[PDB]
Each structure stands twice: as structure tokens, then as C-alpha cells.
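As C-alpha cells, the structure follows; a few thoughts come after it.
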Amino acid sequence: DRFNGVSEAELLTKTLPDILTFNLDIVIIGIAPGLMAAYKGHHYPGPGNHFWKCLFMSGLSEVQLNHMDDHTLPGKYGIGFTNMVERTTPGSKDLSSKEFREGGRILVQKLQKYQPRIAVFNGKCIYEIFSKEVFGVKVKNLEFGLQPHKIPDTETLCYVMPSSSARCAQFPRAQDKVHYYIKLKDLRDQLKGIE
DNA sequence: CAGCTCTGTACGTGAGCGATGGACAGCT
DNA sequence: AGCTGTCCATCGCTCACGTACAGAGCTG
């Protein structure tokens with residue numbers, strides 16, 4: 001067993017709650033919660049996931065944080081959390097086309113409410129669907145980083161990063177993703193100097 | 001033909017897991 | 001000196017909130 005006696009079937013019935021507030025700077029949008037997040041009730045508890053490590057190596061967090069700290073982030077730092085698909089999935093390749101499109105609609109309504117300065121898509125696959133469904137734009141070479149469109153009727157920017165999951169071989173280490181988190185830290189700073 | 005879409009497949013790290021064995025202490 | 005167990009170091013192994021790209025099958 002990997003979940004201390006809790007069956008994987010029980011975990012798929014559990015959900016992970018969003019941590020959203022008004023006047024946030026950053027909203028971290030994951031694909032869908034995984035088995036460990038459903039179990040813990042916290043964001044990115046995967047012992048090999050790069051999220052908390054990249055958030056420190058980049059300087060967004062001044063100390064080395066963990067999943068139990070996610071609830072302190074909206075007030076201490078200005079970071080929020082939400083997901084494209086709400087349902088617990090053991091992987092991104094288990095989700096269906098309809099599910100993501102249902103999620104894209106429910107996600108855009110959330111962003112139009114809370115209105116963060118930057119919406120961070122923790123995964124490229126979810127921006128592919130979102131761009132097509134919300135902006136009617138399907139481009140050949142989709143890239144990471146700052147995107148050209150703002151969330152409809154808001155001033156929220158769209159930032160895309162490789163998934164913090166250790167699954168992708170194209171960015172094998174946390175060190176290989178850290179660059180996007182630093183460039184995100186710069187965008188937050190550039191925007192915070194509005195005056 | 002040229003450009004598009006949908007789908008199948010391969011790819012690097014490092015963390016946790018269960019199996020295994022060598023060190024070492026306690027007892028004859 | 002012989003025997004027996006526990007502790008822990010370590011091996012082999014799988015897996016993680018994906019990504020990119022080749023190719024078949026469309027379509028203009």
C-alpha cells in the first residue's frame with residue numbers, strides 16, 4: 001500500500017478545495033488533483049513534485065515550504081490555488097475532452113470573479129484547451145511564459161509553465177523548471193509597481 | 001499536394017517502496 | 001565460540017496533477 005490503508009477507489013470520491021480570495025497577485029491553476037492531493041487535502045503533496053521546491057529555488061517563498069502551508073499563501077505571499085478539472089484523477093491522460101471544456105467554463109467564471117493580477121497555468125496541455133475554448137485561438141507553436149490575451153472583461157494575464165509534476169522527461173529536474181518561476185516572480189514585481 | 005487534427009508512443013529524474021543482507025548485541 | 005534475533009544500510013524497482021512529435025486520416 002502507498003496510501004496508508006485508504007483504497008484508491010475511496011480517494012476518487014474525495015475532492016480538493018480551492019484556495020481563492022479577492023485582490024490576489026497569482027493564481028496557480030493545476031490540471032486536476034491527483035491521488036495524494038485528494039488524500040492530504042492540500043496542494044502538491046506529491047513527495048517528488050517540483051512545486052514547493054521551485055517556489056523556494058526561485059525566491060517566491062523566502063523559506064522551504066510544503067503542502068501544509070498552502071492555506072497561509074493568499075495572505076502571506078498573495079498566491080492562490082484552483083484547478084481546470086475538479087475531479088480526482090490519477091493522471092492528466094485519464095481525463096476526457098468534454099471534462100476539460102466543462103472545466104474551462106467553470107474556471108473562466110472563477111477568474112472573472114476573484115480577478116488575480118496573473119493566472120498561472122501549471123501545465124501546457126490545459127492552456128491548449130483554454131486558448132481554443134475561451135479565445136477561439138488554436139496556434140501551431142504554443143509557447144511557455146506570458147500569453148498575448150487577457151481573461152475576458154478583466155486585466156488578468158495568462159502565464160504558462162511546464163507541469164510541476166515529475167512525469168515530464170523534457171524538464172527532468174526542478175532546476176529545469178525554476179527559470180519560469182523566476183520569470184513569473186519578475187512579472188509579479190513589474191506589475192506590483194503600478195504607481 | 002499542403003495544412004490540419006486526432007492519437008499513439010517514447011523520454012530523464014529522483015523519491016518511496018518492499019526485499020535482502022551484513023553489522024552487532026545478547027544469550028548460552 | 002555458536003546461535004539468534006533486530007536494526008539499518010542499500011539494492012532494484014516502479015511511478016509521478018506531462019510533453020512533444022511522428023503518422024494516419026481528413027479536408028480545402
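Numbers restart at 1 for each chain; the letters A, B, ... are given by sequence-line order, proteins then strands.
- When each of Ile19(A), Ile29(A), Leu16(A), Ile106(A) is paired with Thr82(A), the side-chain contact (heavy atoms from CB on, under 4.5 Å) condition holds for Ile29(A) and for no other.
- Looking at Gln170(A), its side chain has no donor and acceptor atom pair within 3.5 Å of the base of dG12(B).
- Atom CZ in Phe3(A) sits about 11 Å away from atom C1' in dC15(C), given to the nearest Å.
- The aromatic rings of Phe51(A) and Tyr181(A) sit tilted, their planes meeting at an angle between 30° and 60°.
- Pairing of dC6(B), defined by two Watson-Crick or G-U wobble distances under 3.5 Å, is identified with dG23(C).
- In the set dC17(C), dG14(B), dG18(C), the nucleotide with an atom closest to the side chain of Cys168(A) is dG18(C).
- When the pucker is read from the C1'-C2'-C3'-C4' torsion, the sugar belonging to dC13(C) turns out north, on the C3'-endo side.
- Stacking of the bases of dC11(B) and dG12(B) is not indicated, since the six-membered rings fail the criterion of centres under 5.5 Å apart and planes under 30° apart.
- The base of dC17(C) is paired with the side chain of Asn83(A) by a donor and an acceptor separated by under 3.5 Å.
- Closest to the side chain of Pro172(A), from the set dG18(C), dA20(C), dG12(B), is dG12(B).
- In terms of the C1'-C2'-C3'-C4' torsion, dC11(B) has a north-puckered sugar. The angle is above zero.
- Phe121(A) has its CZ atom 15 Å from the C1' atom of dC17(C), to the nearest Å.
- The side chain of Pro47(A) approaches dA15(B) more closely than any other nucleotide in the set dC17(C), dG18(C), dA15(B).
- Taking only side-chain atoms of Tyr44(A), from C-beta outward, the nucleotide of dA20(C), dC17(C), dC11(B) with the closest atom is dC17(C).
- Classification of the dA23(B)/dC24(B) step: stacked, the six-membered rings being closer than 5.5 Å at their centres and less than 30° apart in plane orientation.
- For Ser163(A), the side-chain atoms get nearest to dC17(C) when compared with the rest of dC17(C), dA16(C), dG12(B).
- Look at CG on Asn4(A): it is 14 Å from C1' on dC17(B), rounded to the nearest Å.
- The side chain of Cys125(A) approaches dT19(C) more closely than any other nucleotide in the set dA16(C), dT19(C), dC17(C).
- Out of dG18(C), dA16(C), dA20(C), the shortest distance to the side chain of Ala166(A) is found at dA16(C).
- Inspection of the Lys177(A) and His50(A) side chains reveals an N or O donor paired with an N or O acceptor under 3.5 Å.
- If you check the side chains of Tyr44(A) and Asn122(A), you find a donor sitting under 3.5 Å from an acceptor.
- Side-chain contact between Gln147(A) and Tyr127(A): present, with at least one pair of heavy atoms (C-beta onward) separated by less than 4.5 Å.
- Ring planes of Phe22(A) and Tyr114(A): tilted class, angle from 30 to 60°.
- Between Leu11(A) atom CG and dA16(C) atom P the separation is 13 Å, expressed in whole Å.
- A salt bridge links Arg173(A) to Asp176(A): at least one charged side-chain nitrogen sits closer than 4.0 Å to a carboxylate oxygen.
- Put simply, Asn49(A) has a side-chain N or O that comes within less than 4.0 Å of OP1 or OP2 on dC17(C).
- Between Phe171(A) atom CZ and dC17(C) atom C1' the separation is 16 Å, expressed in whole Å.
- Pucker annotation for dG5(C) reads north, on the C3'-endo side, since its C1'-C2'-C3'-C4' dihedral is above zero.
- In this strand, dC17(C) does not stack on its neighbour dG18(C) by the test of ring centres under 5.5 angstrom and planes under 30 degrees.
- Between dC17(C) and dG12(B), neither a Watson-Crick nor a G-U wobble pair is formed under the 3.5 Å criterion for both distances.
- Of the nucleotides present, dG18(B) is the one that pairs with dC11(C) by Watson-Crick or G-U wobble criteria, both distances under 3.5 Å.
- Going from atom CD1 of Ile126(A) over to atom P of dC17(C) covers 14 Å, rounded to whole Å.
- To the nearest angstrom, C1' of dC17(C) lies 12 Å from CZ of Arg87(A).
- For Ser165(A), a side-chain nitrogen or oxygen approaches OP1 or OP2 of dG18(C) to under 4.0 Å.
- Rounded to whole Å, atom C1' of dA16(C) lies 18 Å from atom OH of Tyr39(A).
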